[PDB]
Amino acid sequence: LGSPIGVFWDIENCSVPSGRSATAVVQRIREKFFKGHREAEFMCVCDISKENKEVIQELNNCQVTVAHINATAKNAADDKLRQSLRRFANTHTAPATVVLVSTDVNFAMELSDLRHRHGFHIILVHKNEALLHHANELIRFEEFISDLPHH
Numbered sequence: 004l005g006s007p008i009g010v011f012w013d014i015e016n017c018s019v020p021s022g023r024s025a026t027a028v029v030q031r032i033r034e035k036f037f038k039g040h041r042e043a044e045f046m047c048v049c050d051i052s053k054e055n056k057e058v059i060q061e062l063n064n065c066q067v068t069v070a071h072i073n074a075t076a077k078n079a080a081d082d083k084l085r086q087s088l089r090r091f092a093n094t095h096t097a098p099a100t101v102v103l104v105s106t107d108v109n110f111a112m113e114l115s116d117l118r119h120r121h122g123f124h125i126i127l128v129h130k131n132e133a134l135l136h137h138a139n140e141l142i143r144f145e146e147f148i149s150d151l152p153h154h
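For the sequence shown, our numbering gives the first residue as 4, with consecutive numbering after it.
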């Protein structure tokens with residue numbers, strides 16, 4: 004009902020296929036999820052020195068925040084995703100929707116907090132049960148990267 008939505012994208016693990024339009028992936032996510040909502044956040048975490056520069060430019064043209072971390076710390080991206088989920092939850096109240104685009108079961112408890120103590124609607128976009136259990140909705144990441152337009 005005009006409730007806020009935040010998208011948090013683990014793009015290291017749910018990546019855009021080589022040669023394909025990241026713009027189209029972002030468009031598909033927004034088309035699937037954003038009707039009736041106000042966008043509070045749409046962010047991905049990555050080490051931009053590892054990522055395809057054209058993909059990153061597409062993301063910035065699509066107004067997806069590209070939060071840079073140094074991936075030589077193996078838990079840096081996961082930590083930043085957790086912190087961003089929590090920051091979203093810190094100043095919004097139910098009703099609100101979190102879309103986590105990740106397959107990292109490491110987020111289980113985060114989602115539990117968001118579901119139980121914050122009362123948020125949780126959509127997990129994953130590649131595939133402990134992680135799935137706390138989500139309200141489970142969507143396969145594949146539908147957002149299948150048969151994409153090519154560069």
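Where a beta carbon is used, it is the ideal one built from N, C-alpha and C, also for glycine.
Comparing alpha carbon positions, the residue from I59, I8, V48, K56 closest to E34 is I8. Burial state of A25 is buried, judged by a 10 Å Cβ sphere holding 16 or more other Cβ atoms. Look at the beta carbons and you see the segment 92-102 touching the segment 117-128: at least three pairs across the two are nearer than 8 Å. Excluding its 5 nearest sequence neighbours in each direction, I142 has C-beta neighbours in its own chain below 8 Å: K35, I126, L127, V128, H129, listed in chain order. In the three-state reduction of the DSSP assignment, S24 falls in the coil class. Taking all protein chains shown into account, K38 has fewer than 16 neighbouring C-beta atoms within 10 Å of its C-beta and is therefore exposed.
Around the C-beta of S105, 16 or more other C-beta atoms lie within 10 Å, and the residue is accordingly described as buried.
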